[PDB]
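Remarks on the overall topology
So you can see what is in the structure, the chains are spelled out below.
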Amino acid sequence: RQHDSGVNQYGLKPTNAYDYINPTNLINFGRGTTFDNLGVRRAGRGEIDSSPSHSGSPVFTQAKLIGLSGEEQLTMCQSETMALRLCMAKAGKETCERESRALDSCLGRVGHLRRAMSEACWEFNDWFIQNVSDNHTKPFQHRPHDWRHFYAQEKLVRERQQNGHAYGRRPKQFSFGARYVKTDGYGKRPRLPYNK
Amino acid sequence: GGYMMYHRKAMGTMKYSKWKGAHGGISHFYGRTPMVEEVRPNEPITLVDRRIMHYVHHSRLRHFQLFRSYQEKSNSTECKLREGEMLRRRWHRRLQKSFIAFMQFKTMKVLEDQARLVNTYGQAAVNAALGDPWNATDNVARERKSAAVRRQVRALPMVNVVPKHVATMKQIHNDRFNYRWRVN
Amino acid sequence: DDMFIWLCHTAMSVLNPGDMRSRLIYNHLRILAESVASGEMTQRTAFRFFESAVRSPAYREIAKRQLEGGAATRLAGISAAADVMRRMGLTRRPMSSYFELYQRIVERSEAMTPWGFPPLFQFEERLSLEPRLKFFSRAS
Amino acid sequence: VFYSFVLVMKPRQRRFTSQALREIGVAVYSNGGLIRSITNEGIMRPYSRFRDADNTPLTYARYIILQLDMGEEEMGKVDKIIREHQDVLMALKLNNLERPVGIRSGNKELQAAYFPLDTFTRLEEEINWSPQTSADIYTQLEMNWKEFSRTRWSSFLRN
Amino acid sequence: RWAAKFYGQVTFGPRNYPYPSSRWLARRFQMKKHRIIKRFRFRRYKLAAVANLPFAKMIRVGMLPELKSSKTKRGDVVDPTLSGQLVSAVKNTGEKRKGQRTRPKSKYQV
Amino acid sequence: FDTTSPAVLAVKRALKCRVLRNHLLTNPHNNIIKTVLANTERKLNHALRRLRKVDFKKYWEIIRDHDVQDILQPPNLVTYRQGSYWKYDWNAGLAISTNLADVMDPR
Amino acid sequence: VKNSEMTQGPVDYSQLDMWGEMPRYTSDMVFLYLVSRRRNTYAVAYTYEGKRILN
RNA sequence: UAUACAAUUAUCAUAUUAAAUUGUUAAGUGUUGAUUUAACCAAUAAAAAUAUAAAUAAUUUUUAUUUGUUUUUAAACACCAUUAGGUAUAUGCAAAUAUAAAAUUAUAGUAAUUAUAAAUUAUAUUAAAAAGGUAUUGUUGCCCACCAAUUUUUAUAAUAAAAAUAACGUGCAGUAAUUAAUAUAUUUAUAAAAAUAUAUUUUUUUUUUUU
Ligand SMILES: [Mg+2]
Ligand SMILES: [Mg+2]
Ligand SMILES: [Mg+2]
Ligand SMILES: [Mg+2]
Ligand SMILES: [Mg+2]
Ligand SMILES: [Mg+2]
Ligand SMILES: [Mg+2]
Ligand SMILES: [Mg+2]
Ligand SMILES: [Mg+2]
Ligand SMILES: [Mg+2]
Ligand SMILES: [Mg+2]
Ligand SMILES: [Mg+2]
Ligand SMILES: [Mg+2]
């Protein structure tokens, strides 16, 4: 037919029972929304909700990758500019435009280089959207609570060592110099929690 | 009162306050000195300093030291912050690998383009375009070209930028190198 | 027109689809094509039909007598896929079938990981790609 | 070894060093133990200044290595004897010498399951390598291997 | 512990709610707990459990005629010897004796 | 090569128990070893009560050598009155094991 | 030996000694202390024998 | 008024096959003074780094044992109060989320329910692109305690407790909400609550594979 199977006449075609009770979800995903823009949840580019996602958290650093416009950004010509700066600082009796010529050559090339890198990077955005991005559909991996289950596995271990007792328990922090300020008969180092 | 060396109030200058330890020559800092650099003759110490500082900053040591040396934080917030840092790292790594796996494809398409240039103009011609000395009659020409390459390859000292430290009001983070808000 | 996309997938998206000149596999492909046109089947369903269709006993172990990594040659596939569109009445002007099926492949040849596809975006599904980024699409 | 010590000592007049070492040695014999090797080293410059019993920080110190065979009961006594002596700045103790770190991890030992007698026979020097050791000992080792394995039985079955 | 961790059921959310309590609910019950505890502090509650006595039944010392806060309500009837001893306990709990372990003090403990 | 037999088990557990006991005498709080001592004592109780129905004189001389009679004492009057102390050697399967004829003429 | 990282032959001593890479001072040296703090910065100078020069 | 839980995966208080426990190290003086802080005030400042193996699995420990409260400041930091101090971290006592359960509240007679998460909410320096709502035409949105009357049940603690409730007066506690919230602990108090000690995201993220 003339358009997508996941999108009917009035908006996104409502499959699950959540869509029938909440059918704002069909026609509005945000302020970057158009009607052709339903079912493709990502909107155009340079546009609101255009950002691709990686394991659910959106990719907002793209330029920083190819080293265009970043603090860590790749610099094309250094040796030139340093050489020329040295020339300027040394003396005023002789003026070297030879250095400024090597440099302006370098720059003249740099322009085209950069346009190339930018173009290749936009191709990367396209590829990343096709073959990698989940389009914001999977749970965040990037903050510690998302990994809670992992930490649980560790707490469990420290519990089975303790005879399956103290869960989430840790040793009492003692003092800066607990070991040498305490008399014979008192614990000088922090014990296992079950051992208290 | 007694303060540690990385404490705010550590070395005070007041009518009561007096600095602690042997302070010169063989000193209080004897085996406590994290870095040592013999200054190379005719080298400004500004390159030395910016090298040290770039090093510390990129490996996130100055981060750590600034962080822990200002305020106390419970072992839970320390864990939360460090593991958050490390998981954000993990995520961005898995992004970098994707980028790179693409850029090797781009680089391939480039090398392929270069091959097509080869069989349009012939291999030797392309080599000529790339600076092959086929015009070098005698060794003196060769030594001119290689003297050029020598004067390129010699590395002028890199002055690597160190992000300034931002002093905010009550200092929620003294790791602050930018004005962005952070989750404490 | 989506037909050409489907056929592109059957030709280029499948490692070792048997010998595609043989009347058996050929008839499989023919029937499925006529069923993608006239909307009787989903593209996804017809594709999974094609790759799961019955070919020959001990298929893999006969495949070890021809292929190393299980990737056959793609000529038989394209010649059959053009043949089917010609013998079925798919286009008013005969050449168009072959041209489009050819052209759409040639354009994809330049793409990174060209003959693999994410399974969700490969065919019709609830969520889709924008018409520029669709795979064998005319708009790429 | 069964036990070892590194003893950082104050650099005194030789008669004093000799008295102190005689005291530690006699403290080991009385307690019914043996000395595999008492190794002397020079007066070195450490990375940390040590204070002595005079609370005067020291730039130089004499290093001395002990290697002992004791019971673990009565080395408590020798421990607080050594650490309480006035000519010893510091003493670090290695008890790990019988089961060091590199053995008995997921059947790393071929043809035996934790043979304890391998590392007991040895001295500390060959369990923990010193920095000067180079590929050269790989030579010497085997001339001391093969040679040994030739003369052992014949030497033993003599008497 | 003797006292109650919670008051009412603080974890009520739908099944598989992946936390013990929601913010909303826990805030409600934090309110109720707050009110009860504040009541305990201002009325100056004191309880006791004595050895060789039924334990579940705790003598309420904050209602004892000597330690009673109200000037009006009839307090409670507890044995003369036992009540003297309770009064002495409450009194000599108050201040830190050196060599003894430091224990938390408050206005409302007196 | 006997290990698992009752007499052996009882003895080794008796020893382990003494060791842990004097250990706890020295350094008061490690409750890990309190727990391990209690578990060891329980498995010792099992081993001994199986012994007296296997061969009782060895049982006796173990109790007299290592001085463990304190873990053979029935825990509390309640469960004893219901005959669940004697009910153990039923579960162990030694209840009929006597082989009378050497002792106690069955007639 | 074939697989070893360790150089076989006479080995350079400067690659062993602890104090090889380290400062070498002189009775005449001045030690300048530049301490940067968060809201402050200051400088001092010291004789090698530890005596303070200027405040 | 009687009239049919689950048993494959269910978060607050009935634990249970476990290897620990014990280590005496560091740090300190030259001299005339604006350190810390968004801002006040007291007023010497430096510091306390080492241990694996081994312990066998189950069958009668449930009145036993056990879950961050700890002598010594003539030692500090830290915290609390304010020029006059307190305190400064597992030898007494102390079961307790890691789930065995039958619609919410409520000491197990009170009201008729409650709780809940992905729709929607314009500004976080890319060669413009990442973001939250207890509201529901949505911040001029909702809500929170004390402070009066009354209604009703009772296990009557300064002035009983609990539930209905639509005044008056304080404020502004909560919705990442004007020092983020949540739970436990201890202290504090016109009232929401606030300070500190731990855990934690039902808070918003910012990302060195030996430099
Ligand atoms: Mg958005
Ligand atoms: Mg003081
Ligand atoms: Mg509280
Ligand atoms: Mg329970
Ligand atoms: Mg104290
Ligand atoms: Mg009433
Ligand atoms: Mg009331
Ligand atoms: Mg507010
Ligand atoms: Mg608040
Ligand atoms: Mg707030
Ligand atoms: Mg709270
Ligand atoms: Mg208040
Ligand atoms: Mg509170």
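Note on numbering: every chain is counted from 1 along its sequence as written, possibly out of step with the entry's scheme, and residues lacking coordinates are dropped from view. Whichever chain is written first becomes A and whichever ligand is written first becomes 1, with later ones labelled in order. Just a portion of a larger assembly is displayed, and each value is taken over that portion. Hydrogens and waters are ignored; side-chain quantities use all the structure's heavy atoms. Residues with missing side-chain atoms are left out of burial classes, side-chain pairs and their counts.

In its metadata, the entry names cryo-EM as the structure determination method and reports 3.27 Å as the resolution.

The name recorded for chain G in the PDB entry is uS11m, from Trypanosoma brucei brucei. As recorded in the PDB, the entry bears the title "Cryo-EM structure of the Trypanosoma brucei mitochondrial ribosome - This entry contains the body of the small mitoribosomal subunit in complex with mt-IF-3".

Identification of chain D as bS6m from Trypanosoma brucei brucei is taken from the PDB entry.

Some remarks on the overall build of chain D
Selection criterion: Elements are defined by DSSP. Helices are runs of H or I of four residues or more, strands are runs of E of two residues or more, and each kind is numbered from the N terminus. The atom set for the radius of gyration is the C-alpha atoms, and the globule formula is 2.2 Å times the number of residues raised to the power 0.38. The contact rule is simple, with two residues in contact once any of their heavy atoms fall within 4.5 Å.
In terms of helices and strands, chain D carries five helices and six strands. Taken from N to C terminus, the helices and strands of chain D fall in the order β-α-β-β-β-β-α-β-α-α-α. The C-alpha radius of gyration computed for chain D amounts to 19 Å, which surpasses the reference 15 Å derived for 159 residues by more than 25%, pointing to a less compact arrangement than a globule. Considering only C-alpha atoms, chain D reaches an extent of 55 × 40 × 35 Å along its principal axes. Counted over contacts in chain D with a minimum sequence separation of 6, partners at least 24 positions apart contribute 72%.

Describing the interface of chain B and chain A
Where we set the bar: Two parts lose some accessible area (1.4 Å probe) when they are put together, and adding that loss for both gives the buried area. Salt bridge, as used here: a side-chain nitrogen of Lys or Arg that lies within 4 Å of a carboxyl oxygen of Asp or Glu.
Taken residue by residue, the interface counts 22 residues in chain B and 26 residues in chain A. Together, the buried faces of chain B and chain A total about 2300 Å²; carbon and sulfur atoms form 70% of this surface. Where chain B meets chain A, there are one salt bridge. Here A:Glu123 and B:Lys106 are joined by a salt bridge, their closest N and O atoms 2.3 Å apart.

Focus on the pattern of salt bridges
Which entries qualify depends on this criterion: Think of it in three bands: with a 1.4 Å probe and only protein chains considered, a residue is buried below 20% of the maximum accessible area for its type, exposed above 50%, and partly exposed in between.
One pass over the full model with this rule turns up 38 salt bridges over all chains. Where A:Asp19 meets C:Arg126, a salt bridge forms, and the shortest distance between an N and an O atom there is 2.2 Å. Residue A:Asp19 is found in helix α1 (residues 17-21), and its partner C:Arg126 is found in the segment after α7 (119-122); the two belong to separate chains. Note on A:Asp19: relative accessible area 1%, which makes it buried. Looking at C:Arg126, the relative accessible area reads 24%, which means it is partly exposed. The closest approach of N and O atoms between D:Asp52 and D:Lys10, which form a salt bridge, is 2.8 Å. Within this pair, whereas D:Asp52 is found in the loop between β3 (50-51) and β4 (57-58), its partner D:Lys10 is found in the loop between β1 (3-9) and α1 (14-30), the two being separated by 42 residues in sequence. On the basis of relative accessibility, which here comes to 9%, the residue D:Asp52 falls in the buried class.

Topic: empty space enclosed by the protein
Gaps left between atoms are located by rolling a probe of water-molecule size over the structure's atoms. The line we're drawing: Two kinds of site are reported from a 1 Å grid over the protein atoms alone, namely cavities, where a 1.4 Å probe fits but cannot get out, and pockets, open sets with protein on both sides within 12 Å along at least five of seven lines, and residues are called lining when an atom falls within 4 Å of a point. Grid points are joined across faces, edges and corners, and a volume is the space filled by probe spheres set on the points. Here the term charged refers only to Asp, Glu, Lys and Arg, the term nonpolar to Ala, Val, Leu, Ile, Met, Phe, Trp, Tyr, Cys and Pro, and the term polar to all other amino acids, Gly among them.
Each pocket or cavity is described by its volume, and for the largest cavity that value is around 40 Å³. If you trace the largest cavity, you find it lined by A:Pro52, A:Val59, A:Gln62, A:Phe124, A:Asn125, A:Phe128 and B:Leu95. Here the lining of the largest cavity gets three residues from one element, more than from any other, and that element is helix α4 (residues 98-131) of chain A. Within this model, the second largest cavity holds a volume of roughly 30 Å³. Lining the second largest cavity are A:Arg42, A:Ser51, A:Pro52, A:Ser53, A:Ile129, A:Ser133, A:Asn135 and C:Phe121. Class assignment for the residues of the lining of the second largest cavity results in three nonpolar, four polar and one charged.

What about the interface of chain C and chain B?
Basically, it comes down to this: Two N or O atoms form a polar contact when they lie within 3.5 Å of each other; inside protein one atom must be a possible hydrogen donor and the other a possible acceptor, and for residues adjacent in sequence the pair counts only when both atoms belong to side chains.
Contacts between chain C and chain B engage four residues on the former and four residues on the latter. Of the roughly 280 Å² buried where chain C meets chain B, counting both sides, 66% is carbon and sulfur surface. At the boundary of chain C and chain B, one finds one salt bridge. Applying the counting criterion to the chain C and chain B interface returns zero residue pairs in polar contact. Residue classes in the side of chain C that touches chain B are distributed as two nonpolar, one polar and one charged.

Side note on helix α1 (residues 2-12) of chain C
Residue and element names in this part refer to chain C. Counting buried positions along α1 gives ten out of eleven residues, so the element sits mostly inside the fold. Those residues of α1 lying buried are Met-3, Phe-4, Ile-5, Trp-6, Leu-7, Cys-8, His-9, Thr-10, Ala-11 and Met-12. Of the surrounding elements, those touching the buried residues of α1 are α2 (23-36), α3 (43-51), α5 (75-87), α6 (95-108) and α7.

A few points about the packing of aromatic side chains
Selection rule: Pairs were defined over the aromatic rings of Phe, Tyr and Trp, the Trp ring being its six-membered one, requiring ring centres within 6.5 Å. Orientation was assigned from the angle between planes: stacked under 30 degrees, edge-to-face over 60, tilted for the rest. When the NZ atom of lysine or the CZ atom of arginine is within 6 Å of a ring's centre and also within 35 degrees of its normal, the charge is said to sit over that ring.
On inspection of all chains with the given rule, the structure shows 26 aromatic pairs over all chains. Taking 5.3 Å as the distance between ring centres and 80 degrees as the angle between the ring planes, the aromatic pair formed by G:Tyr25 and G:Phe31 counts as edge-to-face. Over the ring of C:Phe50 we find C:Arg55; its NZ or CZ atom is 4.9 Å from the centre of that ring. Positioned above the aromatic ring of D:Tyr3 is the side chain of D:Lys93, whose terminal nitrogen or guanidinium carbon lies 4.7 Å from the ring centre.

Quick look at the protein's contact with RNA strand H
Under the convention used in this document: Near is defined per residue: the residue qualifies when any heavy atom it owns lies within 4 Å of the molecule or strand.
Taken together, 197 residues lie near RNA strand H, and A:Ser51, A:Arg191, E:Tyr19, G:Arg38 and G:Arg52 sit nearest. Backbone atoms, meaning sugar plus phosphate, form 57% of the atoms of RNA strand H positioned within 4 Å of the protein. Measuring from a phosphate oxygen of RNA strand H, one finds a side-chain N or O atom of F:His46 at 3.3 Å. If you tally residues by element for the surface near RNA strand H, the top one is helix α1 (residues 23-42) of chain E, at 16 residues. Residue composition of the surface near RNA strand H, grouped by class: 60 nonpolar, 69 polar and 68 charged.

Overview of the pairing of β1(D)
For a regular strand, side-chain orientation follows a simple rule: the groups alternate between the two sheet faces. Residue and element names in this part refer to chain D. Test applied: Strand pairing is defined by DSSP finding a minimum of two bridges between the two strands.
Counting buried residues along β1, six of its seven residues qualify, which places the element largely inside the surrounding structure. Relative to strand β5 (residues 61-69), β1 is paired through seven bridges, and the arrangement is antiparallel. Along β5, the bridge assignment pairs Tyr-3 with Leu-68. Bridging between β1 and strand β6 (residues 88-94) involves six bridges; their strand directions are antiparallel. When the bridges of β6 are listed, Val-6 appears paired with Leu-92.

So, the sheet that holds strand β2 (residues 34-44) of chain D
Residues and elements named next belong to chain D. Which entries qualify depends on this criterion: Comment: axis = line fitted to C-alpha atoms, over the contacting stretch for helices; angle = value between 0 and 180 degrees taken between N-to-C directions.
Spatially, β2-β5-β1-β6 is the arrangement adopted by the four strands of the open sheet, whose pairing is antiparallel. Edge strands, defined here as strands with exactly one partner in the open sheet, are β2 and β6. Neighbour-to-neighbour, the strand axes of the sheet open up by a mean angle of 15 degrees, direction not taken into account. As judged from the eight bridges shared by β2 and β5, these two strands associate in the antiparallel manner. By the bridge assignment, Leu-34 is partnered in β5 with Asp-69. This element, α1, spans β1, β2, β5 and β6 of the sheet and lies at about 155 degrees to β2. Packing against the sheet, helix α2 (residues 75-82) makes contact with β1, β5 and β6, and its axis sits at approximately 10 degrees to β1.

A look at a nonpolar patch on the surface
All names here are of chain C. Spelled out, the test is: Like-charged residues are merged into a patch within 9 Å and nonpolar side chains (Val, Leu, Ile, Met, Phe, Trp, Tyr) within 5 Å, provided each residue has over 30% relative accessible area and no salt bridge. Per-residue accessibility takes into account occlusion by the displayed protein chains alone, with areas from the Shrake-Rupley method and a 1.4 Å probe.
A surface patch of nonpolar side chains, amounting to about 500 Å² of accessible area, comprises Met-95, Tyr-98, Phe-99, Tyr-102 and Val-106. Turning to its location among the elements, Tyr-102 is positioned in helix α6. The class of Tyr-102 is partly exposed, set by a relative accessible area of 42%.

Some details on the environment of B:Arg62
All names here are of chain B. Among the secondary structure elements, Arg-62 is positioned in helix α2 (residues 61-70). Separated by 113 residues in the primary sequence, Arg-62 and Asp-175 have C-alpha atoms spaced 8.3 Å apart. Among all residues touching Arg-62, those that are not within four sequence positions of it are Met-53, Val-56, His-57, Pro-163 and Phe-177.

Notes on the nonpolar core
Formally: Each nonpolar core is a collection of buried residues, namely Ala, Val, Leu, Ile, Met, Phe, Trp, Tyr and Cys, held together in the definition by side-chain atoms within 4.5 Å.
Judged by nonpolar contacts, the single largest core of 36 residues is most densely connected at C:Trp6, C:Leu7, C:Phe50, C:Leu101, C:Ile105 and C:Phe136. For this core, the secondary-structure elements that each account for two or more residues are α1, α2, α3, α5 and α6 of chain C. By residue number, the principal contributor to this core is α1(C), which donates eight residues. Residue contacts for C:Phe50: discarding those within four places in its chain leaves C:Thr10, C:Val14, C:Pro17, C:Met20, C:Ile25, C:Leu29, C:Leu32 and C:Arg55. If you look at the next biggest cluster of nonpolar residues, it comprises 19 residues, including F:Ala14, F:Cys17, F:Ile62 and F:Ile71.

Some points on the packing of α1(C) against α6(C)
All names here are of chain C. As a reminder, the rule being used: The cut-offs work like this: below 35 degrees is roughly parallel, past 145 is roughly antiparallel, 65 to 115 is roughly perpendicular, and the gaps in between are oblique. Note: crossing handedness is left-handed where the near helix turns anticlockwise from the far helix by less than a right angle, and right-handed where it turns clockwise.
Two elements in contact, α1 and α6, have axes separated by 10 Å at closest approach and are oriented at 60 degrees. Between α1 and α6, the interaxial angle falls into the category oblique. Here α1 and α6 pass one another in a crossing that is right-handed. Along the contact surface, α1 presents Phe-4, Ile-5, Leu-7, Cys-8 and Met-12, while α6 presents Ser-96, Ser-97, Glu-100, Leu-101, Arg-104 and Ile-105. A class-by-class count of the residues in the contact of α1 with α6 yields seven nonpolar, two polar and two charged.

Side note on the state of the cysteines
All names here are of chain A. For clarity, the threshold we go by: The definition used for a disulfide is geometric: two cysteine sulfur atoms within 2.5 Å.
Following the criterion strictly, the structure yields one disulfide over all chains and no others. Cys-87 shares a disulfide with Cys-96; S-S distance 2.2 Å. Disulfide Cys-87-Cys-96: the torsion about the S-S bond is 125 degrees, which places it as right-handed. With respect to burial, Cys-87 and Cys-96 carry one shared label: buried.

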